[PDB]
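One structure is given here, and the rest of the page talks about it.
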Ligand SMILES: [Mg+2]
Ligand SMILES: [Mg+2]
Ligand SMILES: [Mg+2]
Ligand SMILES: [Mg+2]
């Protein structure tokens, strides 16, 4: 996968506090759109102009991986999330630009094709009863054709406490009883448990035919997660908060998890996610990326899953409504997230195949850096 | 060390792009002053108001360590530097408040006492010739009585290359020749070398009686640094960019370095630095913190070194002039950094014993969050 030299002459951000989009312009005038990670995106865009753009402007992106490494090296006093959430916006915009120059969706540029991806209906909520959770999943199944469903266990980073006593013990048998025997059932504990409790819960998930046990232990304690993986046959999965490529190497080399789950934007973009996917590929681990919302993170993940040889079983697809993500409304000219028989679809449109809504841009905070 | 319960009712920041100070107010009316980490402090202060203040305001901070842990847990999607740089400003402000309430310097509250600390003259520069480096260190020695001196090796995160060919091979013998046989000589490679290159340099340092070899290898590659420590008799030191307590535990448990070097403000404040010092103490490793300018980070480190039982040999004391740090002129009413016979001194003044210059504050950007 090789690309002619290109120099960026401008990087622009259009943002609010929830989401920010990035437009890059090359010296020949070609332009591409991407997105920084959601959540405090306004801070991320400030970091982008302060600490990413100065190193990327007027440089050759023909080896984008090396350029991104150089950013991390020049900003080595800033290990962590914000720098990477910012890099992700420039990286994703460059992919859009390349796709538009080639007349190919990003998925094709990465060696795949346009086509469908199986989706799982992902609930973000713990303030929902097991009863109501099953009832809405039943409705979503009937309306859109999903055949895979993720719910929540424990309390978010809950130090071993449940959301309320008994919730987790109820939700597991409830989902299997209510969804029937063929539904794929996933759960995510969001760093709640010590290994002893996580293994207990693991046996229960196994008893009820769950096939995906996400983030059972504090994600920063790789030895805890490995102890759980080792004691259980159900797939133990993780990685969504991992933005450090050294930590990724350590997690994969020790096989802490059975399925790796990078977030394309938390990790710092497509290039860096492909590094992780190739580490996992060499380790014979599948890749099932995290996507928390219907900003572009989901679409980026769709393209990735249509390309990588070790794609996991399905796309994470948030089923929360407006009420949950009121900011995610009216981001795009055309909706890229129609679901048909439980599948999402990447089209043959060049680049990401999305346009940012001009009305949303009008209301945005604009900032530009020039070479 | 037990404290009476206290609730913060306001957190205020006063910042520019280079440094920002924090004033905290308790419900009884007492106030304390601290500082976020230098460099992009305006972004750090936004993170403070966005992501630290909401979790600390109106809460009991007597168990300050637990409240800080809670911040990192509520903000678990933001591992890394900015969150910790922000938390550090609140933590150091609370310590100043506690000192002022008790009428005691922070050093005393930590179990130590007012008194002197040996300082080393720390050069930040690689553009300087070894000749010119030796000559200014001699001037500084005669003027201030320093008997320890740190210079730079390699290029900063230089991927194994030198600043220019031969600079490092020249500077090592040049410092020992020119400074004479009794001076303590330290060097810092700022993540430049692969282990075999660092071991080769380590032999040259040993031949010339250097006593401290800092950050020989990329700081994020702990196994590389351990290889170097294991091959050399000279103390290998590091940790200034490490803000993750789990990484600290890993680094200390594997004995990757001989001396640990947290930066109090990068790490997230006094409480979290004491946690690192205690881990190091249990492993019989000394603590020689990083402090690379004459914002309050140097003073905070002076108080810490007056208290911890496993204090290292000396305070890092930047000897760069105003060419170098123009923003550091005119920050404080007092000058807490006079050096005499190569020692700095912590007085009995309550808290940190420093007032921010009223003119500086008048020119600063102000922001407030209230309970
Ligand atoms: Mg998850
Ligand atoms: Mg297993
Ligand atoms: Mg250093
Ligand atoms: Mg050794």
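Note that we place each Cβ from the backbone using ideal geometry, even for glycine, and neighbour counts take in every protein chain shown. Any read-out appearing in this document is the output of simple, stated calculations on the displayed coordinates, not a laboratory observation.
Within the stretch B:250-278, restricting attention to residues that are within 13 Å of another protein chain (Cβ to nearest Cβ) and away from ligand 3 (no atom under 16 Å from the Cβ), which residue is surrounded by the most Cβ atoms within 10 Å (Cβ to Cβ)? The selected residue is B:268. I'd like to verify a number: residues in the stretch B:273-296 that are farther than 28 Å from residue B:121 by Cβ and assigned to a helix (DSSP H, G or I), how many? Here the count works out to 4. Looking across B:333, B:287, one residue alone is crowded, with 21+ Cβ neighbours inside 10 Å and either within 23 Å of residue B:115 (Cβ to Cβ) or in contact with a helix residue (DSSP H, G or I) (Cβ under 8 Å, 6 or more places away or on another chain) (or both). It is B:287.
Beta carbons closer than 7 Å, at least 6 apart along the sequence or on distinct chains, pair a first residue in the stretch A:225-249 that is away from every other protein chain (no Cβ under 12 Å) and over 11 Å from residue A:199 (Cβ atoms) with a second that is within 16 Å of ligand 2 (Cβ to nearest atom) and part of a helix (DSSP H, G or I) for A:233/A:206; A:238/A:225; A:239/A:251.
Test residue A:215 against the stated conditions and say whether it is within 16 Å of ligand 1 (Cβ to nearest atom) and facing another protein chain (nearest Cβ under 10 Å). I'd like the intermediate steps shown before the answer.
Details: within 16 Å of ligand 1 (Cβ to nearest atom): yes; facing another protein chain (nearest Cβ under 10 Å): no.
So residue A:215 fails the test.
Filter the stretch A:36-50 down to the residues that are under 11 Å from residue A:83 (Cα atoms) and within 7 Å of chain B (Cβ to nearest Cβ), then identify the one that is farthest from the chain's Cα centre (by Cα). By that ranking, first place goes to A:50.
Kindly check whether there is at least one residue in the stretch B:74-93 that is part of a helix (DSSP H, G or I), without any contact (Cβ under 8 Å) to a residue 60 or more places away in the chain, surrounded by fewer than 18 Cβ atoms within 10 Å (Cβ to Cβ) and within 14 Å of chain A (Cβ to nearest Cβ). For the stretch B:74-93, residues part of a helix (DSSP H, G or I), without any contact (Cβ under 8 Å) to a residue 60 or more places away in the chain, surrounded by fewer than 18 Cβ atoms within 10 Å (Cβ to Cβ) and within 14 Å of chain A (Cβ to nearest Cβ): present. Taking every residue in the stretch B:205-219 that is more than 14 Å from ligand 4 (Cβ to nearest atom) and pairing it with any residue that is assigned to a strand (DSSP E or B), at least 6 positions away or on another chain, the pairs with Cβ-Cβ distances below 8 Å are B:208/B:185; B:209/B:185; B:215/B:188; B:215/B:237; B:215/B:238; B:219/B:238.
Of all residues in the stretch B:218-241, those being assigned to a loop (DSSP other than H, G, I, E, B) and either within 16 Å of ligand 1 (Cβ to nearest atom) or under 18 Å from residue A:249 (Cα atoms) (or both) number 4.
With respect to (1) out of contact with any helix residue (DSSP H, G or I) (no Cβ under 7 Å at 6 or more places or on another chain); (2) surrounded by fewer than 17 Cβ atoms within 10 Å (Cβ to Cβ); (3) within 14 Å of chain B (Cβ to nearest Cβ), the lone exception for residue A:155 is condition (2). Of all residues in the stretch B:316-330, those satisfying the criterion of being surrounded by 13 or more Cβ atoms within 10 Å (Cβ to Cβ) and touching a residue at least 60 places away in the same chain (Cβ under 8 Å) are B:316, B:317, B:318, B:319, B:320, B:327, B:328.
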